[PDB]
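Taking it in order: structure first as structure tokens, then the write-up.
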Amino acid sequence: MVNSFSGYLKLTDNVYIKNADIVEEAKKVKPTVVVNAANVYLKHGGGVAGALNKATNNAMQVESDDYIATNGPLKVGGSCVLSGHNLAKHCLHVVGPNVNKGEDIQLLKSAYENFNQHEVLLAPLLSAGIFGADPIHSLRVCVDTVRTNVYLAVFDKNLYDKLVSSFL
């Protein structure tokens, strides 16, 4: 189906990439699904999670605290679907491994498999940024795992340029 995502470069048949702030993209597009770079406790302190939560005026955190009180922590490589608040219909909170916690990078493929439960997503690169993994490797795993239509937002221009110029 035609959609309103604009300005993306096509990497493969189903993976698209743009130098953009995921918060601003979400506000403009109002996608069905925005992906959060979550941790197992849904503590949205920094990185993408801190930015998305701030954009919701902390409503994402309040909802998340209730989710954890009822259900307990997620698994590394796991996910849950919560409200998208003012950003999207839904937020898919996905836990990539955090290398700075010693977590196993093979779980990155499991993390990306959650995307296949949604026909279209706006997402960051999983395990990138403060999660400590190599973003070039994360993009490779994304391409090789996700089969649904994923629109990747990369805020850092220098990183965006490197991801494009090194893509196989």
Side-chain angles (χ1 to χ4, degrees), residues 11-23 25-26 31 33-54 60-61 63-82 84 88 90-156 158-168:
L11 296 177
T12 68
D13 178 71
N14 68 296
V15 179
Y16 299 83
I17 194 166
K18 184 183 183 178
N19 184 200
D21 180 335
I22 192 171
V23 169
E25 280 295 289
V33 180
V34 66
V35 173
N36 182 32
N39 57 52
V40 297
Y41 304 111
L42 301 179
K43 287 180 174 295
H44 308 304
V48 168
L52 291 172
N53 176 56
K54 171 69 180 174
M60 177 180 286
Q61 188 65 68
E63 178 193 32
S64 292
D65 291 347
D66 171 79
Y67 173 93
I68 296 289
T70 297
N71 300 108
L74 301 180
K75 296 171 177 173
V76 179
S79 71
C80 66
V81 178
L82 290 173
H90 308 289
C91 178
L92 180 69
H93 294 273
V94 179
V95 184
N98 187 328
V99 177
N100 299 318
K101 294 178 182 185
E103 289 165 2
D104 185 359
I105 190 70
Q106 320 308 129
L107 290 163
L108 187 55
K109 187 171 185 75
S110 300
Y112 275 114
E113 288 171 340
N114 295 285
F115 290 24
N116 290 321
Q117 300 297 316
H118 302 279
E119 290 185 337
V120 179
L121 315 90
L122 171 62
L125 284 170
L126 298 179
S127 296
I130 67 175
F131 282 66
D134 166 30
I136 292 177
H137 173 69
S138 182
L139 177 58
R140 186 75 266 167
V141 178
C142 181
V143 165
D144 294 340
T145 305
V146 181
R147 296 177 303 284
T148 55
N149 293 316
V150 58
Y151 289 81
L152 295 168
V154 180
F155 181 67
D156 186 314
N158 294 320
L159 173 61
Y160 170 84
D161 288 344
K162 181 188 196 20
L163 286 163
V164 170
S165 70
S166 65
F167 182 72
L168 186 36

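Count residues from 1 along the sequence.
- Annotation: salt bridge (charged side-chain N to carboxylate O under 4.0 Å, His left out) contacts of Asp161 (sequence neighbours excluded): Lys157.
- Rounded to the nearest 0.5 Å, atoms CG (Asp144) and CG (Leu139) are 9.0 Å apart.
- Among residues at least two apart or in separate chains, there is no ring-ring contact (aromatic ring centres under 6.0 Å, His included) pair with a member in residues 117-139.
- Note that the CG atom of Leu107 and the OH atom of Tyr112 stand 13.5 Å from one another [nearest 0.5 Å].
- When all heavy atoms are compared, the tightest approach of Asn100 to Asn98 is N-OD1, 2.8 Å.
- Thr148 contributes no side-chain N or O that, together with a main-chain N or O of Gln117, makes up a donor-acceptor pair within less than 3.5 Å.
- Contact of the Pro124 side chain with the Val35 side chain is registered, since non-hydrogen atoms from C-beta on lie closer than 4.5 Å.
- Between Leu42 and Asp65, the closest side-chain pair of non-hydrogen atoms is not below 4.5 Å.
- Using a distance-only test at 3.5 Å, with no hydrogens or angles considered, no donor-acceptor pair links the side chain of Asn36 to the main chain of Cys91.
- Between the side chain of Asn116 and the backbone N or O of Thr145, at least one donor-acceptor pair lies under 3.5 Å.
- With rounding to the nearest 0.5 Å, the separation of CG in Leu159 from CG in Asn19 is 9.0 Å.
- Nearest approach of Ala133 to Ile105, heavy atoms of both residues: CB-CD1, 3.7 Å.
- The two residues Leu108 and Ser138 have their closest heavy-atom pair at CD2-CA, 3.9 Å.
- The heavy-atom pair separating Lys101 from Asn39 by the smallest distance is NZ-CB, 4.1 Å.
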**Request:** Report the C-alpha separation of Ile17 and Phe167 in whole Å, then their side-chain angles, then the decisive distance to 0.1 Å, and conclude whether the side-chain contact (heavy atoms from CB on, under 4.5 Å) test is met.
**Result:** CA-CA 11 Å; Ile17 194 166; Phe167 182 72; over 6 Å; no
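- The shortest heavy-atom contact between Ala26 and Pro31 is O-CD, 3.6 Å.
- Not one N or O on the side chain of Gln61 forms a donor-acceptor pair closer than 3.5 Å with the backbone of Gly50.
- Between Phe155 atom CZ and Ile22 atom CD1 the span is 12.0 Å, to the nearest 0.5 Å.
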**Asked** Would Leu126 and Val94 count as a side-chain contact (heavy atoms from CB on, under 4.5 Å) if you check the C-alpha gap in whole Å, the side-chain angles of each, and the deciding distance to 0.1 Å?
**Response** CA-CA 8 Å; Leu126 298 179; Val94 179; 3.8 Å; yes
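- One distance of note links CG of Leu82 with CG of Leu92; it measures 9.0 Å at 0.5 Å rounding.
- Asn114 contributes a side-chain N or O that, together with a main-chain N or O of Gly77, makes up a donor-acceptor pair within less than 3.5 Å.
- Here the side chain of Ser127 pairs a donor or acceptor atom with the backbone of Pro97 at under 3.5 angstrom.
- Of the inter-residue distances, the one linking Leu168 atom CG with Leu11 atom CG reads 11.5 Å to the nearest 0.5 angstrom.
- Counting only distance, with no hydrogens or angles, the side chain of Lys162 and the backbone of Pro135 share no donor-acceptor pair below 3.5 Å.
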**Item:** Audit row: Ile136, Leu163, side-chain contact (heavy atoms from CB on, under 4.5 Å) steps and yes/no
**Value:** CA-CA 6 Å; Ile136 292 177; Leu163 286 163; 4.1 Å; yes
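- Shortest non-hydrogen contact noted between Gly46 and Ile130 is C-CD1, 4.1 Å.
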